[PDB]
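Structure record follows, encoded as structure tokens.
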Amino acid sequence: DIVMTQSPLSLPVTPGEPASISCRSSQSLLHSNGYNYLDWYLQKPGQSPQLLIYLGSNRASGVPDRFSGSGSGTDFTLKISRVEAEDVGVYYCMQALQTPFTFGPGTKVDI
Amino acid sequence: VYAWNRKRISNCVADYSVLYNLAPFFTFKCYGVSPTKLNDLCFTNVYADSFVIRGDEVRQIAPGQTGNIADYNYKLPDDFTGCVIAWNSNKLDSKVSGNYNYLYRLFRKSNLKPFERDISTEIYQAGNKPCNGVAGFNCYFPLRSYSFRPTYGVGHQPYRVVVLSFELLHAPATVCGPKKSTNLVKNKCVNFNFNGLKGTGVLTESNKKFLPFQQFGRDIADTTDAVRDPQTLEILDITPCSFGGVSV
Amino acid sequence: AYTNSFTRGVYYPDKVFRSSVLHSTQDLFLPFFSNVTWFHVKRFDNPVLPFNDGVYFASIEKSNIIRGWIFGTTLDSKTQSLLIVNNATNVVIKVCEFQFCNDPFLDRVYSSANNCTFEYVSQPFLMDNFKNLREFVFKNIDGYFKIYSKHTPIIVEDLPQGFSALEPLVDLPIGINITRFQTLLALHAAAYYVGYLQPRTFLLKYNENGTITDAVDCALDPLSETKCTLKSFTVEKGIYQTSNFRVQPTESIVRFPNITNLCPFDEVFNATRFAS
Amino acid sequence: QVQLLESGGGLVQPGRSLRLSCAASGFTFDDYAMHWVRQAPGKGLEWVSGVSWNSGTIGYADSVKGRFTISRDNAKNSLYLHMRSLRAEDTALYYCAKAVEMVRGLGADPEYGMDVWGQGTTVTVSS
Ligand SMILES: *[C@@H]1O[C@H](CO)[C@@H](O)[C@H](O)[C@H]1NC(C)=O
Ligand SMILES: *[C@@H]1O[C@H](CO)[C@@H](O)[C@H](O)[C@H]1NC(C)=O
């Protein structure tokens, strides 16, 4: 029973510039370990979604080093150091703490 | 309990001492073998079955019992040679509004055969009309959910159960124990054991070089003369203390 | 092709160390001067071969061509089958009901691995200007599948004329039935030899350092038997008695009377009445 | 290679049952907590259910609680999702995803990281 929001709702990006997206929660996800449990996922349109970031900022396996994750408490952000022609679709942030899990409304990135 | 999990154990040394020293594991009812005595024993495979039941239902987890659990969910055979460990799980298993994450099979046409698992959900046809997959008159869904709650009564409060089975196969035993094995002296006869061998002797240091795999030593006359020290790999000697007849 | 394996396949029977002594062991070995089959691959040399009691699976190659082995009895996932694969810088010993392919190759090609009851990973068994020889006695007893090994830098077919005692590289408690085997190979020539072990007595000469430096096939020829009986590697001028000539039986004849009448045990055991 | 194949789709009337099945091939199935995630038609994702490494379920979604029933089988490497009280609002794709962190590899046990996703089925309901 945690509700999350994202911003901006939909932003147009042009290839060759960074972009920043913010995910906000209701209860701070700082666990006893000191780890944030938020995850960032990209659901490309027409294809199954794929993982981008797990454990707040630990970069997932097999993705390039062009993505960055930061934030804590109740606010987290994802920044694309450089955007290209293959970075269009939908982005979600999902909690991994108080079950059940939840997925944000989704940010729509286009050209 | 209807979908009890089974972890198979292999190729390890179990410090049963670890759980045998924890009061949380109060119910340690075991049949076929004593816990102190089996820590010095080895089996081919060990199976760990675990599930969560209500408080007073722990009794059904024992050979030759009857009830919803033993007939329809988890039946132990009459000839059972392992242990049952059960402890209250009011830690997190229960919820304020109740955890709809536990089911117990209530109806089944036939009692289980020992160690049999049934996860099939097909309406229990008790009448003589087919149920076609919808609950109704004489048409009952197989499982129901325990209302675990913090204020619930002990007989209905939570409870985890771990069931250890030990089997003996022609296969080599992959399960043993550490058995508290560390001690070394020199220049005094001692009842020395090195991983199974016995004897008594003044064990000293050797200038002789083993090969890395070689363990024992021998002479022309089938006498043990050197034992590599298993922990600190070094070449020892073996010589029982002085003997010989006395003569007045 | 058939090559004469002059004196090779001697392993340390047990983990006991001895020095400067002679020892008459009696275990499964490869008899001296035995004819071993020989396979050389671009020829098609990945057959299915029997596992009688053991194999002295050797391998002569220029560079890391032989890379695995298949074991089992029916090799169709119905019964537990075994696998030994050497990764690029690792060894993998898994025993799974793998559905095997007709011609495995390397760049998983069997395409199926079922429930596995045993896994093992270690440093590669088949480590690396001179052709390599790598002997392996794949012998199994009472469940314990045992492997022995050596590495020999052969100077550029036919096994070398030299004596070297294999060492026990590892022992494994799998505990399955094994009747056949076949090597595993990477598609993208080299030869591998396979012998067979049958029970035979040997005389083992341990050196000062404890390394087996010489051996005598005990049941090979008269002089060998005299060296066994004297328990020495040299015999002096003289006449020695070694064994006993015994003619062997040829066939087995059996002779019973040809009266065949079903016996009235019903009145004995299944009788309705038993007296006082 | 890792493969997650699901089956069970097809038009069924409201007020019946279904039994979706997801089969995994290519990894040790008992060191990964599976999840079942729906995907409404032309909308965002929505978590549905999951199961940990020891066959212990981790709760269902708030609006679905009461009917769905998850089950696992490590022997056949198979995860199943019995569905009851099917209603028109339950038409969507369904993916079965796997966790990332192997259990006991580093506080608590892991459940995050749906990394590998099979191509979902197309369950639908109508009359
Ligand atoms: C055994 O190893 C020792 C190591 O010093 C060496 O001197 C000796 O030559 C080796 N064996 C023999 C007797 O050749
Ligand atoms: C065995 O067979 C021969 C037939 O040549 C017969 O004469 C003889 O009586 C038989 N013996 C018995 C014990 O039935």
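For this structure, a couple of remarks:
- Only a single item in (1) closer than 18 Å to C:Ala191 by Cα; (2) surrounded by fewer than 17 Cβ atoms within 10 Å (Cβ to Cβ); (3) of a type in the set (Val, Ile, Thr) is not met by C:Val21, and it is number (1).
- Residues of the range A:36-50 satisfying the condition of being facing chain D (nearest Cβ under 7 Å) and either touching a strand residue (DSSP E or B) at 6+ places or on another chain (Cβ under 6 Å) or surrounded by fewer than 19 Cβ atoms within 10 Å (Cβ to Cβ) (or both): A:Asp39, A:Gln43, A:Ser48, A:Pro49
- Long-range neighbours under 6 Å by Cβ, at least six apart or interchain, first residue among the polar types (S, T, N, Q) within the range C:183-211, second within 16 Å of ligand 1 (Cβ to nearest atom): C:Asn207/C:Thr213
- Residue tally, condition more than 14 Å from chain D (Cβ to nearest Cβ), surrounded by 15 or more Cβ atoms within 10 Å (Cβ to Cβ) and within 25 Å of the chain's Cα centre (by Cα), over the range B:91-134: 1
- Lone qualifier among B:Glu122, B:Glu57 - being of a type outside the set (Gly, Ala, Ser) and either over 30 Å from B:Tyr16 (Cβ atoms) or out of contact with any helix residue (DSSP H, G or I) (no Cβ under 7 Å at 6 or more places or on another chain) (or both): B:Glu122
- Some residue of the range C:252-259 being more than 16 Å from ligand 2 (Cβ to nearest atom) and of a type outside the set (D, E, K, R): yes
- Check on D:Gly50, among the small types (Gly, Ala, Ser), within 13 Å of chain A (Cβ to nearest Cβ) and assigned to a strand (DSSP E or B): yes
- Only listed residue being surrounded by 13 or more Cβ atoms within 10 Å (Cβ to Cβ) and in contact with a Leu (Cβ under 6 Å, 6 or more places away or on another chain), chosen from B:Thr27, B:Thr44: B:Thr44
- One residue alone among B:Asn187, B:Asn207 is over 37 Å from the mean Cα position of the chain (by Cα), assigned to a loop (DSSP other than H, G, I, E, B), within 14 Å of chain C (Cβ to nearest Cβ) and among the polar types (S, T, N, Q), and that residue is B:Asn207.
Per-residue answers, yes or no, for (1) over 19 Å from C:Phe33 (Cβ atoms); (2) out of contact with any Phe, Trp or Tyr (no Cβ under 6 Å at 6 or more places or on another chain); (3) among the small types (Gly, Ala, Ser); (4) within 16 Å of ligand 2 (Cβ to nearest atom):
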position	(1), (2), (3), (4)
C:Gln182	yes, yes, no, no
C:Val194	no, no, no, no
C:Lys205	no, yes, no, no
C:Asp217	no, no, no, no
C:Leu223	no, yes, no, no
C:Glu236	yes, yes, no, no
C:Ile239	yes, yes, no, no
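- In a residue-by-residue description of the range B:3-17, the property of being at positive phi and among the polar types (S, T, N, Q) applies to at least one position.
- Qualifying positions in the range C:172-214 - within 12 Å of another protein chain (Cβ to nearest Cβ) and within 16 Å of ligand 1 (Cβ to nearest atom): C:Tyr206, C:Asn207, C:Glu208, C:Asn209, C:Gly210, C:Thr211, C:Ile212
- Among the residues making up the range C:166-193, those that are farther than 19 Å from C:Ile141 by Cβ and in contact with a strand residue (DSSP E or B) (Cβ under 7 Å, 6 or more places away or on another chain) are C:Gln182, C:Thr183, C:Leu184, C:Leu185, C:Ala186, C:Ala189, C:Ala190, C:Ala191, C:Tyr192, C:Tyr193.
- Looking at D:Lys65, D:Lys98, D:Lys43, just one residue is more than 14 Å from chain B (Cβ to nearest Cβ) and surrounded by fewer than 21 Cβ atoms within 10 Å (Cβ to Cβ), and that residue is D:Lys43.
- Filter result for the condition that a residue is more than 16 Å from ligand 1 (Cβ to nearest atom), over 30 Å from B:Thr81 (Cβ atoms) and crowded, with 17+ Cβ neighbours inside 10 Å, over B:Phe194, B:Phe137: B:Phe194
Every number here is computed from the coordinates shown, using simple stated rules; none is lab data. Reconstructed Cβ throughout: ideal geometry from the backbone, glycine too, with neighbour counts over all protein chains shown.
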